[PDB]
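Participant: sequence, then the experimental structure. Questions to follow.
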Amino acid sequence: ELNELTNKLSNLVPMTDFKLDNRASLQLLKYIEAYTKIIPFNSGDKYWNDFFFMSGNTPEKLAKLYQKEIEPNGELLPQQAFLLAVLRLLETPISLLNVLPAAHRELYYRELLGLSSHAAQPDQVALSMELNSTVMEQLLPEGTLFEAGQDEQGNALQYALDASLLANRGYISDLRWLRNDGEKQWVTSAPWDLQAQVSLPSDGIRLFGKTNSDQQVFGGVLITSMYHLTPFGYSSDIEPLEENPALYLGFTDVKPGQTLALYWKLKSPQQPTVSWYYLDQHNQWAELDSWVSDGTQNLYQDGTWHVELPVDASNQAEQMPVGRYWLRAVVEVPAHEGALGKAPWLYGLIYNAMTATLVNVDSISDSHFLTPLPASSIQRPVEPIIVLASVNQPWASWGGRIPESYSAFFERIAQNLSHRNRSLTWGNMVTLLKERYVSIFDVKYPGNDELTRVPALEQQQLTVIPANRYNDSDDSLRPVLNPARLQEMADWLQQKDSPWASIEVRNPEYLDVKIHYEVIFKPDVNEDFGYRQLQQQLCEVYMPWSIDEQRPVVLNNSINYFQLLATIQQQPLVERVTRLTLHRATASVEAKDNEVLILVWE
Amino acid sequence: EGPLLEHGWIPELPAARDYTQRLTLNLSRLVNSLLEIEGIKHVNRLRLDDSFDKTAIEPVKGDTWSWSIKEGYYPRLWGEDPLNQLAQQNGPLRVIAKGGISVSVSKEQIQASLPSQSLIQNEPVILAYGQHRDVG
């Protein structure tokens, strides 16, 4: 529809889907046919519609010539090609009329209602900065810039540190722990050892897990009643062995005047309240917690923490290796069953590290903000600092969002005018959790029968189901949050809700509905490869939260027996199924309230 | 490619089953052909109301969808279709719309919205003459 103007016109105005005139060119010629059949061609029974559509030309054919479904032949009747030339002119007042309801809406939000659009959000990145062997200390202030490359069709991306760290030579040589799994026997894991050059393996180690590098402490398999043999060396005097897993960090090439700054990359289910201890020359551990200023919230989230290494901390000490300085960390893991109640996951840990945020957010085009920036990208600063050896990012670019497009800006303000930042109804509780929290895949309401039986039930229980990106419990199909941040979603929604509304969010218990189906496949495929491949797409559609990087799609509690049977049929490798045998722990099974169905295939 | 067809061309065959043996009819493939159309969101039932016993159509081994018609016969699924079955609201086909409202239709109303075929005849292909020029 008039591609010469509508490129220029669509770029200025948002031009949404709705049009004031859905009048198509085929629809217009039927309107002009009923008009002309009234006008009398003079002194004759035939009318003017016989003139304008004369010889083998119907308005369906003239619309085909106009939209070029038919190639335009050289001979057309002149009063018809006069008529098709008019409809080419009338595309211009129509196209300026369709562009106006998109401009009426934007006038309403920005001029009268005063609403603004969100600007671009800068993203920060973990940045580890190692030094050379030539100096010990090097200071760099707030606002020094690191960079890698350039955005397409624009400027270079600069990253600046938010806080002025001072770098020192050194590294994390040793990371070891003691865990207390059983009475009178304790195991001694050594995942990270620089002196044997063994690294932190496999991108992440379960803290206090079965590493199989452990050796049992035979000095402590029977408790002492040798020079007082304890783990990791001889102790001077009696030291307690409490029921708390604790990990020890081995620091190297750091002087007691200097400070140390780590960035922990963590996914922890529940936060353990930690206390930190350091070695001394008397071989007694002292408290370090006055010196620690942590932003990792006692190892809850990823974050930087810098510690000035305390004075009179000793390199040479008993009960530990003598070459390295040591820091102790006592983990108080909260008591809970399952893999939810276990330790953090520890993607990694880097020394001499500090985060770095994006510098100028307006110049960078929208292509960079779409994806996180790739890992191991920034390898150099902007200004060449000669004593620096290398920077590196092991992980890259969490956070940061696009500047708002006019489609998504309209959806954002349409939400603010619907609920108005108060969660008063069932629908308003569903969206207000979904926009703020990124961990939420979906929320489903508590059903149809529940709200009508109601013998004065005050308590309402929203059942949240999260994505596979953010789940604390180690189950892919069954994602669970920890109850502390699950309670914090209720505390956010208690302010928006009525004071009489006691609202709290929970994870729903998962019903398992089994199916035992027989199915005949293609003539030239093995069925065991055919069973396994068909099972993956069936696992995907009815558990969309299970597969990583999925947009939240709204999906009901009910699974239909026949819509299941049709969904099996649209696989390219299927030919025909025989039976399904729906087996709830044969008809359609509908999910009872506060329950979510998971399919099982055995 | 084939023989001379005066009416239409048939480049794909319907792959008709042999009539030496009795023939199974598998209807598990039907549901997506039924799910295709715009207003249809799903189907709720697929069965027969004891009208197969006259020629002893047996359902094959385990599956509910397939039925095997005995040697000579061929399916006629709804004989004299709309006035006899579909319009009368006896329910050979029960439409459920908006939960339960369950509306129905008469015979002649769906024939106007029915696709009417066109009888087509294929004329022989020739090259017409050009203008004869006096080269002689």
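Facilitator: Ah, there it is. Numbers count the residues shown, from 1 in each chain, chains lettered A, B, ... in the order given.

Participant: count of neighbours near the residue in chain B that chain A sits nearest to?
Facilitator: Taking CB to the nearest CB as the measure, chain B has residue B:63 as its residue closest to chain A, at 3.7 Å. (Each C-beta comes from the backbone N, C-alpha and C, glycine too.) A total of 19 residues lie near residue B:63 under the criterion other CB atoms under 10 Å in any protein chain shown.

Participant: correct me if wrong: it contacts residue A:578.
Facilitator: Yes - using CB atoms under 8 Å, residue B:63 is in contact with residue A:578, at 3.7 Å.

Participant: so what sits against both of those two?
Facilitator: Jointly contacting residue B:63 and residue A:578 under the rule CB atoms under 8 Å, 6 or more residues apart in numbering or on different chains are residue B:28.

Participant: any idea how far the lengthiest helix in chain A is from the chain center?
Facilitator: For chain A, the helix with the greatest residue count under DSSP state H is helix A:527-542. Distance of helix A:527-542 from its chain centroid, counting by CA atoms, centre = their mean, to the nearest Å, is 26 Å.

Participant: and it with chain B, contact?
Facilitator: No - contact of helix A:527-542 with chain B (CB under 8 Å from any CB of the partner chain) is absent, the minimum separation being 14.3 Å.

Participant: what are the contacting residues of that helix?
Facilitator: By CB under 8 Å, 6+ apart, the list of residues contacting helix A:527-542 from outside reads A:477, A:519, A:521-522, A:546-547, A:559, A:564, A:567-568, A:571, A:573-574, A:597, A:599, A:601.

Participant: at 10 Å instead, please
Facilitator: With CB atoms under 10 Å, 6 or more residues apart in numbering or on different chains as the test, helix A:527-542 has contacts from A:476-477, A:513, A:515, A:517, A:519-522, A:525, A:546-547, A:550, A:553, A:555, A:559, A:564, A:567-568, A:570-575, A:577, A:597-599, A:601.

Participant: mark which of those residues are buried, thanks.
Facilitator: A:513, A:515, A:517, A:519, A:521, A:546, A:555, A:559, A:564, A:567-568, A:574-575, A:577, A:597-599 (16 or more other CB atoms under 10 Å in any protein chain shown).

Participant: just the ones of the residues you listed in strands?
Facilitator: The strands, defined by DSSP state E, take in A:513, A:515, A:519, A:521, A:574-575, A:577, A:597-599 from these.

Participant: what's the closest of those to chain B?
Facilitator: Looking across these and measuring by CB to the nearest CB, the closest to chain B is residue A:577, at 5.3 Å.

Participant: not counting its neighbours along the chain, what's nearest the closest one?
Facilitator: Nearest non-adjacent residue to residue A:577, counting by CB to CB, 6 or more residues apart in numbering or on different chains: residue A:519, 4.4 Å away.

Participant: mind telling me what element residue 74 is part of?
Facilitator: Looking at chain A here, since you left the chain open. When elements are assigned from DSSP states H and E, residue A:74 belongs to no helix and no strand.

Participant: so who does residue A:317 touch?
Facilitator: A:233, A:236, A:278-285, A:324-326.

Participant: now swap in residue B:67 and tell me
Facilitator: Applying CB under 10 Å, 6+ apart, we find residue B:67 in contact with B:23-27, B:48, B:52, B:57-60, B:75.

Participant: how deep is the spatially closest residue to residue B:56 that is not a sequence neighbour tucked in, by neighbour count?
Facilitator: Excluding the flanking residues, the one nearest residue B:56 by CB to CB, 6+ apart is residue B:70, at 5.9 Å. Using other CB under 10 Å, the number of residues around residue B:70 comes to 13.

Participant: ok, now residue A:486?
Facilitator: If we define neighbours as other CB under 10 Å, then residue A:486 has 18 of them.

Participant: buried stuff in the strand or helix carrying it?
Facilitator: Taking DSSP H and E as the definition, one finds residue A:486 inside helix A:483-496. Using 16+ other CB under 10 Å as the test for burial, helix A:483-496 gives A:483, A:485-486, A:489-490, A:493, A:496.

Participant: would you turn those into JSON lines with distance to residue A:417?
Facilitator: Conversion of the buried residues of helix A:483-496 to JSON lines gives the following (distance: CB to CB, whole Å):
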{"residue": "A:483", "distance to residue A:417": "34"}
{"residue": "A:485", "distance to residue A:417": "30"}
{"residue": "A:486", "distance to residue A:417": "30"}
{"residue": "A:489", "distance to residue A:417": "24"}
{"residue": "A:490", "distance to residue A:417": "25"}
{"residue": "A:493", "distance to residue A:417": "20"}
{"residue": "A:496", "distance to residue A:417": "16"}
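
Participant: of those residues, closest to residue A:35?
Facilitator: Residue A:35 has its nearest neighbour among those in residue A:496, at 57.2 Å by CB to CB.

Participant: list the contacts for the residue nearest to the closest one when sequence neighbours are not counted?
Facilitator: Distances taken as CB to CB, 6+ apart put residue A:423 closest to residue A:496, at 3.9 Å, once the chain neighbours are dropped. By CB under 10 Å, 6+ apart, residue A:423 lies in contact with A:429-433, A:492-498, A:501, A:503.

Participant: before we move on, what about residue A:16?
Facilitator: Contacts for residue A:16 were tallied using CB under 10 Å, 6+ apart; they are A:98-99, A:101-103, A:105-106, A:406-407, A:410.

Participant: what ranges do the helices span in the stretch 301-450 of chain A?
Facilitator: When assigned using DSSP state H, counting those that start in this stretch, the helices of the stretch 301-450 of chain A occupy the ranges A:366-370, A:406-416, A:426-436, A:450-453.

Participant: next helix or strand past the shortest one?
Facilitator: Read that as helix A:450-453. strand A:460-466.

Participant: against which helices or strands is that next one packed?
Facilitator: Other elements packing on strand A:460-466 under the criterion 3 or more CB pairs under 10 Å, 6 or more residues apart in numbering or on different chains; DSSP states H and E are helix A:426-436, strand A:440-444, helix A:450-453, helix A:483-496, strand A:503-506, strand A:595-600.

Participant: same thing but 7 Å
Facilitator: For strand A:460-466, the elements it packs on are strand A:440-444, strand A:503-506, judged by 3 or more CB pairs under 7 Å, 6 or more residues apart in numbering or on different chains; DSSP states H and E.

Participant: out of those strands, nearest to chain B?
Facilitator: Shortest separation from chain B across these is recorded for strand A:440-444, at 19.4 Å, computed as CB to the nearest CB.

Participant: what about residue 90, how many neighbours?
Facilitator: Picked chain A for this. Number of residues near residue A:90 (other CB under 10 Å) recorded here: 13.

Participant: right idea, wrong chain: chain B
Facilitator: Using other CB under 10 Å, residue B:90 is surrounded by 11 other residues.

Participant: again, but for the one 3 residues further on
Facilitator: Residue B:93 is surrounded by 11 other residues when neighbours are defined as other CB under 10 Å.
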